[PDB]
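Per-entry structural report
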Amino acid sequence: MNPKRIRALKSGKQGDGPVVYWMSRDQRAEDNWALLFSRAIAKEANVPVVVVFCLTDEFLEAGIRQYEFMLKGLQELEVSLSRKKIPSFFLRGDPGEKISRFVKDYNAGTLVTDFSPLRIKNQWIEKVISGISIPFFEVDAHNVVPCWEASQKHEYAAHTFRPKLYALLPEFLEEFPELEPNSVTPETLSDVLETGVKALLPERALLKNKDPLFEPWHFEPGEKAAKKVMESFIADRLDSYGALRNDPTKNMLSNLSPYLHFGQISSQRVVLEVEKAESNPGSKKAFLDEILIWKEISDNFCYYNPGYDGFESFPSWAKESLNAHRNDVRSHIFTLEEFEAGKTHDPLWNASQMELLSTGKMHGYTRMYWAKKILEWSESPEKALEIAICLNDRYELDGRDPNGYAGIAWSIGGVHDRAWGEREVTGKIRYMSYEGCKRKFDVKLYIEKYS
Ligand SMILES: *Nc1ncnc2c1ncn2[C@@H]1O[C@H](COP(=O)(O)OP(=O)(O)OC[C@@H](O)[C@@H](O)[C@@H](O)Cn2c3nc(=O)[nH]c(=O)c-3nc3cc(C)c(C)cc32)[C@@H](O)[C@H]1O
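Residues numbered from 1 in each chain as written, not as in the entry; some residues may be left out. Heavy atoms only, no water. Residues with missing side-chain atoms left out of burial classes, pairs and counts.

- In the PDB header, X-ray crystallography is given as the technique by which the entry was determined, and 2.000 Å as its resolution.

- With the PDB entry as reference, the protein chain is termed Deoxyribodipyrimidine photolyase, source organism Methanosarcina mazei Go1.
- As its UniProt record puts it under Catalytic activity (unreviewed entry), the protein chain is described as follows: "cyclobutadipyrimidine (in DNA) = 2 pyrimidine residues (in DNA)." (UniProt positions renumbered as here; feature names shortened; annotations may be inferred.)

Pasting the structure below:
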């Protein structure tokens, strides 16, 4: 129980009621430093621990696909927490009102939340701070090394973040203690889902035949389903991961991102299990570079760059290059709706958008190709960022995520990249040509599957 995982958000006066874990990013009962820390605080105070989750007003900015995935997982989570004699309360509203009122109504003694570097979570925290007088902590339960510990600043390249992160892995990569149950026991989610689906339905993604686009059987939600996906990745896909991770015709990725995004599985758990696996060397190195270095540098990016979703956060070499080509004539301009419908003149791009539309998880390789063409076929880099973020957040199961803003910023603005050869329109941003993908994998097979 390393105290470097927890820090104070606001001092206060400790009450004598239960310890409240405001769960947000880490929707799981196992392998959860925020829940474990909350339980430990409760034990020292001779009080029970309680979990609260905010069903916020912002769900209408995404789709049924993410709402159902999240809420079905929370239904499973209710059962698991109740087995530990830990009650869970699901508050309909936004956190500033709901958390403050709950703290008062339930005589909470201490408030704890998990860590997200996203603007909306920081918006939420500000309102909560103004409505409570009890101590308020946050625990990094999402990263192996706490984000504010891995580095003191924005890291401009993987190769400057990687040695700092790896220097800290011996301390922070460790097993989880078991969650001790509470000593004694202190509108349903199905109805909430019903109400939300009703409100979301007019905006549901449909084919011209009015049949829905989304296929919900590619990733079953919840902690138990996530563990099976991790186990099948290690048993069946990890050996080939190094060779096949850049081939979107092969189903050889871990497929863990939807579970990692909602915190239905701990990435620390995944890393421990992968470290212990005997697998092809090269493959384990490649996978750990993604789930450790690239995932946690995305939290580094959002945490230390307030404007992480804007042009101003790009590196200076990229801002200069993009500005110098701002007035170049674009080969094409597509509207947000033309991008959304997969109606560019590039069949590889359109197939990547159809994979996103139908499965809610675009292959990692084509996400890079996809975002870079939005830069190439939009009026400005600012508009490209707007369009890519809109589509990523609306349709990825793993979207609205530091990985997303960081991966889009890499794609369009060269964040965590270097300058490449100068081209018109896109400047020195790394280019990914259609013909280059053809030399890389079977583009025709990918197009057939998603068309
Ligand atoms: N590139 C990258 N950046 C951050 N974190 C990453 C990245 N690649 C992998 N990971 C993290 O590692 C695990 C395991 O990786 P894989 O098994 O290789 O991948 P999957 O879980 O099956 O597939 C998800 C993966 O394709 C994406 O994580 C990346 O493409 C990154 N990425 C997002 N990741 C998100 O979680 N949410 C988003 O909204 C993302 N949006 C984008 C947008 C764009 C334009 C790009 C280029 C990437 C991207 C992964 O689960 C992850 O934790």
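More follows now that the structure is in view.
**Comments concerning the domain arrangement of the protein chain**
- Assigned domains of the protein chain: these are domain 1 (1-141), domain 2 (142-310) and domain 3 (311-451).
- Centre-to-centre, using C-alpha coordinates, domain 1 lies 20 Å away from domain 2.
- Every element with two or more residues in the side of domain 1 that touches domain 2 is listed here: β1 (6-10), α1 (33-44), β3 (49-55), α2 (64-83), β4 (88-92) and β6 (136-139).
- At 16 residues, α2 tops the list of elements feeding residues into the side of domain 1 that touches domain 2.
- Split into classes, the residues belonging to the side of domain 1 that touches domain 2 amount to 27 nonpolar, eight polar and 21 charged. (Domains from an automatic or database assignment. Helix = DSSP H or I, 4+ residues; strand = E, 2+ residues; numbered from the N terminus. Nonpolar A, V, L, I, M, F, W, Y, C, P; charged D, E, K, R; others polar.)

**Let's talk about the environment of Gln 27**
- Relative to the elements of secondary structure, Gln 27 occurs in the loop between β2 (19-23) and α1.
- With relative accessibility at 6%, the residue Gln 27 sits in the buried group.
- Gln 27 sits 47 residues away from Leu 74 along the chain, and the two C-alpha atoms are 7.1 Å apart.
- With near-sequence residues (within four places) excluded, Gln 27 lies in contact with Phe 53, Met 70, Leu 74, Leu 77, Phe 262, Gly 263 and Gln 264. (Buried < 20%, exposed > 50% of the residue type's maximum accessible area, 1.4 Å probe, protein only. Contact = heavy atoms within 4.5 Å.)

**Some thoughts on the packing of aromatic side chains**
- Scanning the entire structure with this criterion turns up 24 aromatic pairs.
- Their ring planes at 10 degrees and their centres at 6.2 Å tell us that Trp 349 and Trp 370 sit as a pair that is stacked. In this pair, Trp 349 is assigned in helix α14 (residues 347-359) and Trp 370 in helix α15 (residues 364-376), connecting sequence segments 21 residues apart.
- Ring pairing ties together the aromatic residues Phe 334, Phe 339, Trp 349, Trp 370 and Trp 377, which thus form one cluster.
- Taking NZ or CZ as reference, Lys 121 lies 5.1 Å from the ring centre of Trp 22, over its face.
- The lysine or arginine in question, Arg 326, covers the ring of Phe 311, its NZ or CZ lying 5.1 Å from the ring centre. (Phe/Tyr/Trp six-rings, centres within 6.5 Å; stacked < 30°, edge-to-face > 60°. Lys NZ or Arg CZ within 6 Å of the ring centre and 35° of its normal.)

**Some points on the nonpolar core**
- Counting 72 residues, the largest nonpolar core has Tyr 259 and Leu 292 as its most contacted members.
- Top element by residues in this core is α2. It accounts for eight residues.
- For this core, the two domains that each supply at least three residues are domain 1 (1-141) and domain 2 (142-310).
- Among residues more than four places away in sequence, those in contact with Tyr 259 are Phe 69, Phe 219, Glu 220, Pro 221, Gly 222, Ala 225, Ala 226, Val 229, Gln 264 and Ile 265. (Core = buried A, V, L, I, M, F, W, Y, C linked by side-chain atoms within 4.5 Å.)

**A short note on unusual backbone geometry**
- If you check the backbone angles, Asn 46 has positive phi at about 60 degrees while not being a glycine.
- Within the secondary structure, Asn 46 sits in the loop between α1 and β3.
- Look at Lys 210: it is not a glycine, yet its phi comes out positive at around 65 degrees.
- For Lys 210, the location among the structural elements is in the loop between α7 (189-200) and α8 (223-244).

**Let's talk about the packing of helix α6 (residues 158-172) against helix α11 (residues 283-304)**
- Axis separation between α6 and α11 bottoms out at 10 Å; the angle between their running directions is 105 degrees. For the element pair α6 / α11, the angle class is roughly perpendicular. On α11, the residues touching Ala 158, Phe 161, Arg 162, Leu 165, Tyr 166 and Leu 169 of α6 are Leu 288, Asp 289, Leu 292, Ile 293, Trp 294, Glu 296, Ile 297 and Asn 300.
- Partitioned by chemical class, the residues of the contact of α6 with α11 number 10 nonpolar, one polar and three charged. (Axes fitted to C-alpha atoms, helices over the stretch in contact; angles between N-to-C directions. Parallel < 35°, antiparallel > 145°, perpendicular 65-115°, else oblique.)

**Examining the pattern of salt bridges**
- Under the definition given, this model contains 24 salt bridges.
- Here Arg 39 makes a salt bridge to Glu 180, at a shortest N to O gap of 3.9 Å. Residue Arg 39 is found in helix α1, and its partner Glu 180 is found in the loop between α6 and α7; the two are separated by 141 residues along the sequence.
- The class of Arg 39 is buried, set by a relative accessible area of 6%.
- A relative accessible area of 34% places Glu 180 in the partly exposed class. (Salt bridge = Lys/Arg side-chain N within 4 Å of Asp/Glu carboxyl O.)

**Side note on the UniProt feature "binding site: FAD 1" (unreviewed entry) in the protein chain**
- Per the UniProt entry, the sites bearing "binding site: FAD 1" (unreviewed entry) are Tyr 241, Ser 254, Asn 255, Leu 256, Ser 257, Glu 290, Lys 361, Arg 367, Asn 392, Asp 398 and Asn 403 in this numbering. Of the residues just listed, which span 163 residues, the most distant C-alpha pair is 24.1 Å apart, and they do not cluster in one region.
- Within the secondary structure layout, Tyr 241 lies in helix α8.
- Contact partners of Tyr 241, with chain neighbours within four places excluded, come to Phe 233, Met 252, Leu 253, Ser 283, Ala 286, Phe 287 and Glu 290.
- When you line up the elements, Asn 255 lands in the loop between α8 and α9 (257-262).
- Take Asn 255: its relative accessible area is 14%, and that puts it in the buried class.
- Apart from residues lying up to four places away in sequence, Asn 255 is in contact with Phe 219, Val 229, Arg 237 and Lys 361.
- Polar side-chain contacts of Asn 255 include one of 3.3 Å to the side chain of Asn 251. (Polar contact = N/O pair within 3.5 Å; in protein donor to acceptor, adjacent residues only side chain to side chain.)

**Concerning the state of the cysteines**
- Across all of its chains, the model carries zero disulfides by this definition.
- Take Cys 390: it sits in no disulfide, and the sulfur closest to it among the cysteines is that of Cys 302, at 18 Å. (Disulfide = S-S within 2.5 Å.)

**Some words on the UniProt feature "binding site: FAD 2" (unreviewed entry) in the protein chain**
- Under the present numbering, the feature "binding site: FAD 2" (unreviewed entry) in UniProt falls on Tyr 241, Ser 254, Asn 255, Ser 257, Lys 361, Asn 392, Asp 398 and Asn 403.
- On the secondary structure map, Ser 254 appears in the loop between α8 and α9.
- Setting aside anything within four residues of it in sequence, one finds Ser 254 in contact with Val 229, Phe 233, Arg 237 and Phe 287.
- Topologically, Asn 403 is positioned in helix α17 (residues 402-413).
- At 3.4 Å, the side chain of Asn 403 and the side chain of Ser 298 are in polar contact.

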